[PDB]
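Single-structure report; data block below.
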Amino acid sequence: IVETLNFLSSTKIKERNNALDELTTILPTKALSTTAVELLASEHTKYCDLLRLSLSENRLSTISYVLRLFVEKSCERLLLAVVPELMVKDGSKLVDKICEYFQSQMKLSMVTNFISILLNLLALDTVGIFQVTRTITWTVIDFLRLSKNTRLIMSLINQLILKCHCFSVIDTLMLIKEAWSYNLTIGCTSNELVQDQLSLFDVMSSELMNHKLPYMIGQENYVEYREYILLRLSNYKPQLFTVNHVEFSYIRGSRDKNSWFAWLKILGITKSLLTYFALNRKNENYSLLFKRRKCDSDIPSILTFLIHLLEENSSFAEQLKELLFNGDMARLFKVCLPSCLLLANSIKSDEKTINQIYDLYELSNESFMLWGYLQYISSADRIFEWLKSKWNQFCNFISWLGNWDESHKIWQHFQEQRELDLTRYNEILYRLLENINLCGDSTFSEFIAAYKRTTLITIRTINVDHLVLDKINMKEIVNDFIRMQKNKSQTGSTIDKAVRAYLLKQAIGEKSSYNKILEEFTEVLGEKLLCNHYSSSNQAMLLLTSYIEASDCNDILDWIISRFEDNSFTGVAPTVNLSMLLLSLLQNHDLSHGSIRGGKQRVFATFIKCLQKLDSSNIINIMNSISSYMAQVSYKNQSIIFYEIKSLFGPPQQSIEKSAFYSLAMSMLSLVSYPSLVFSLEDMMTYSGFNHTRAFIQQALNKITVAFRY
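When we follow my numbering, the leftmost residue of the sequence shown carries the number 14, and every step to the right adds one.
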């Protein structure tokens, strides 16, 4: 049977792309379904169904995020996308869908890893269906189920670490978008956080750092028609230990980190295992505790900066944040314990204290910091020689500056490092700079190894991969334009050289390169998933902007690039950003009416925007020329845009920001009159208060424009 042959082709999943081509060629309704890794699975499932019409559509939409194992839809990666979401909901049994979904998702049926993941997805949005979403979130947060992985909870923490309501209404949306961008640092930031967290003491971080932040927010919240549900939740939170108990158990890891991190006698004290005592205290309190959570022996000048930092927190932590979004005795103990630098930073027998530092240097940036504080001297001379031996993170010689034996030591270090050996030499040279007559000798020795018109390693993949790319990192020190070169190679001081290669001749040379790139991009139609590369419109606009910035000929070139962007008919994020960029060029203007069209496109390309609205306002405020024409038109255009009202108060906040963009010429008063007409509780007033603050004495303190308001 031809059907059997088709089945064999599908079964033969090796070189699946060939099988896919065969299926495409094959493209009897039951067989049509049967003809369909994942592709092989599609063939098998459809064939079973064929062997056995709404059901086919239902099967196609079945088990999407709720996959059999995997269906490439855990977080769902046009009209079809909106329809699919609706179908999925129907099977489970576009803002409107988002609201239905926020509520339906919390409703579930039952009500655990799935919850942390859904929450993470919702938090990333920095939006969702306002209050409907917030009510859904409260219920979902409460339904902890089989609570403790931590990283998913931490992703959810992007929102849960800000467990509050109505504190920044018609404001928080812009802040949330900015937070999402910061949250996006995760991946590389997570790896860095894990390394730093473990290096400083014994903390894990590893993208779970924000889960701890969410727990802190939860404690703070506990101590504090959708609205009725939210009010009830606010009270329930006092003791609604929705995975709080899980956190209490998970916290054993935090206790371990704190112990690792650990006036020495007071520091040595466990403060009666205060971290555990605090948890016990909270458990005993049962509800709305926090406050004095067993903070026994909470720092003392038992003989400071750390205490101030601890209060602020009530640095490896910075890495975690990026992912989230008798002197001799003291010196010997501080070095032997290796936070030697912290002890030294707070504190500053000197010869012996320096000898301990000297040994620490030999052991080889905390060491430099410790020395710098200590150095705030024969003692230093001894350490300098040891430091030279140590030379042959970092900072090193920086300590001497941060604070002629030191110079003699520098000469010894330079010669020893100068003698990849180049990496050692590179590090020594950086130290020489870090500290910025034997010092001249040190420079000469480092220079002698460097030689100049020389290299010490020890076009595609010949540009650096064949040779040099390893060296680029292997003997790296300090900083160079070479970093840009490496980034350019990865994207695929060479980056500077490439610009130099083009060096209006540069524009023409660059234009030729751009033309080649443009042709490839044009060839690459719908280059994304099983959808389209919407960003291409934005890329075309970016190219246009550079050419226009140039010069009339470049602007002519810009028009062609812009014309491609102008097609729009693409996801709004790309089409609208492209229109906005075009409008920014229009704002600068030139010697053509074309600027008017670009501005119209940006105006047409409406979005809630939030943080982007603010950015747009900041740009809008920079232009509208003057007279009583461009200024007037801009005001009219803004006035005619968002109605706010509804439950769209953020638009009113945006209007207020616009109202603040000049006054008593600018019709800030008209904007104010509109705000007065719209009795948006005191939300409008709060926004006005912010504008008033910008003006110093304003509003009741100096209405001023009251003369016209009257």
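Using N, Cα and C, we set each Cβ at its ideal position, and we do this for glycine too.
With the cut-off set at 8 Å, would you say residue i and residue j are in Cβ contact?
i           : j      : result
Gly231      : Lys176 : yes
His426      : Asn450 : no
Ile561      : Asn567 : yes
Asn19       : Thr48  : yes
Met679      : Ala644 : yes
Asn204      : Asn171 : no
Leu336      : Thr139 : no
residue 728 : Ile189 : The first residue shown for the chain is 14 and the last is 723, placing residue 728 beyond what the model contains.
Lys488      : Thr436 : yes
residue 727 : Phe318 : Residue coverage of the chain in this structure runs from 14 to 723, which leaves residue 727 outside it and unanswerable.
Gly385      : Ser362 : no
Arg722      : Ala673 : no
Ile495      : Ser506 : yes
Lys465      : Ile485 : no
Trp276      : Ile320 : no
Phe115      : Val145 : yes
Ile658      : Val691 : yes
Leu599      : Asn551 : no
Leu333      : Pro251 : no
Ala136      : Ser87  : no
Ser117      : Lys106 : no
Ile279      : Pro313 : yes
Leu33       : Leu52  : yes
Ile142      : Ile174 : no
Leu244      : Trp151 : no
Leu482      : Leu433 : no
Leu442      : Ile423 : no
Compare the C-beta of residue i against all C-beta atoms of chain C and say whether one is closer than 8 Å.
i      : result
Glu695 : Protein chains in the displayed structure number just one, and chain C is not present.
Put residue i into one of helix, strand or coil per three-state DSSP.
i      : result
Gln711 : coil
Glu56  : helix
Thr146 : helix
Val719 : helix
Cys623 : coil
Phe381 : helix
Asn704 : helix
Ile76  : coil
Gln388 : coil
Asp372 : helix
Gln614 : helix
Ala673 : coil
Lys465 : coil
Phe214 : coil
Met679 : coil
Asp493 : coil
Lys295 : helix
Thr474 : coil
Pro664 : helix
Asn650 : helix
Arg158 : coil
List the whole-angstrom C-beta distance separating residue i from residue j, where the pair is believed to meet the contact cut-off of C-beta under 8 Å.
i      : j      : result
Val589 : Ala553 : Between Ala553 and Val589 the Cβ distance is about 14 Å, and since that is not below 8 Å, they are no contact.
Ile396 : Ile367 : 4 Å
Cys349 : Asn378 : Actually they do not touch by this definition, with Cβ atoms about 19 Å apart.
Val236 : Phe303 : 4 Å
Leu21  : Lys43  : Contact doesn't hold; Cβ gap of about 17 Å is too wide.
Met187 : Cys623 : 5 Å
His224 : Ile166 : 4 Å
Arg431 : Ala393 : That pair is no contact at about 24 Å.
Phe662 : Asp696 : 5 Å
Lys307 : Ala291 : 4 Å
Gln651 : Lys626 : Going by Cβ atoms, the distance from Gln651 to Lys626 rounds to 11 Å, so no, they are not a contact pair.
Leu596 : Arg615 : 4 Å
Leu354 : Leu383 : 4 Å
Hey, is residue i close to the ligand ATP, as in C-beta under 7 Å from one of its heavy atoms?
i      : result
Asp215 : Questions concerning the ligand ATP fall outside what the structure shown contains, since it holds no ligand whatsoever.
Can you list, in chain order, the stretches of the alpha helix (DSSP H) that have 4 or more residues and sit fully within the region 224 to 279? 239 to 249, 257 to 263, 265 to 274
Contained alpha helix (DSSP H) runs [length at least 4] in the region 553 to 604, N- to C-terminal order: 565 to 578, 585 to 601
At 4 residues or longer, and completely inside the region 408 to 456: list those alpha helix (DSSP H) runs for me, N to C. 411 to 415, 418 to 431, 434 to 447
Examine the Cβ distances between the region 380 to 389 and the region 415 to 422 and report whether three or more of them are shorter than 8 Å. yes
Touching or not, the region 544 to 552 and the region 582 to 595, by the rule of three or more beta carbon pairs under 8 Å? yes
Alpha helix (DSSP H) segments (min. 4 residues) lying fully within the region 23 to 48: 29 to 39, 42 to 47
What are the start and end residues of each continuous alpha helix (DSSP H) run of 4 or more residues lying completely inside the region 497 to 557, in chain order? 507 to 515, 518 to 536
Which parts of the region 322 to 358 are runs of the alpha helix (DSSP H), unbroken and 4 residues or longer, counting only runs that do not cross its ends? 329 to 337, 340 to 349
Which full runs of the alpha helix (DSSP H) of 4+ residues lie inside the region 110 to 144, going along the chain? 126 to 138
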